[PDB]
Amino acid sequence: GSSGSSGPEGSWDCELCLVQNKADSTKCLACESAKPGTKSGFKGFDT
Ligand SMILES: [Zn+2]
C-alpha cells in the first residue's frame, strides 16, 4: 500500500558504478554521476 510496502524505497541505486546512494543526494558518491530522473513539471495532454 502507501505505508510500508514490499520493496526498497528512498535510496536510489546508481547504474554507472552500480553503487547505492542517499535519497536526498542528487548525484552519486562513488562515480559522482547524475541520478536518473525527470524534468520539473508533470507532462500530459492539456490546453
Ligand atoms: Zn555511481
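Counting starts with 1 at the first residue shown.
Method of determination (from the header): solution NMR.
Each residue, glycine too, has its Cβ placed from N, Cα and C.
Summarising the annotation, the PDB entry assigns cloning artifact to 1-7.
Taken from Swiss-Prot, the feature zinc finger covers 8-37, and the record attributes it to sequence analysis. Distant neighbours of the zinc finger (8-37): none; no residue of the same chain at least 6 beyond its ends has a Cβ under 8 Å from one of its Cβ atoms.
A C-beta separation below 8 Å, combined with a sequence spacing of at least six in one chain, links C31 (Zn(2+) 4 binding site) to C14, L16, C17, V19. Annotation comment: Swiss-Prot describes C14, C17, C28, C31 as Zn(2+) 4 binding site, evidence class a large-scale study or a structure entry.
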- Secondary structure content, the cloning artifact (1-7) (per DSSP, counts of residues): 0 helix, 0 strand, 7 coil
- Count the other Cβ atoms sitting within 10 Å of the Cβ of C14 (Zn(2+) 4 binding site), across every protein chain shown. 19
- Message: For a quick check of understanding: among the binding-site residues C17, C28, which residue's Cβ has the most other Cβ atoms within 10 Å?
- Response: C28
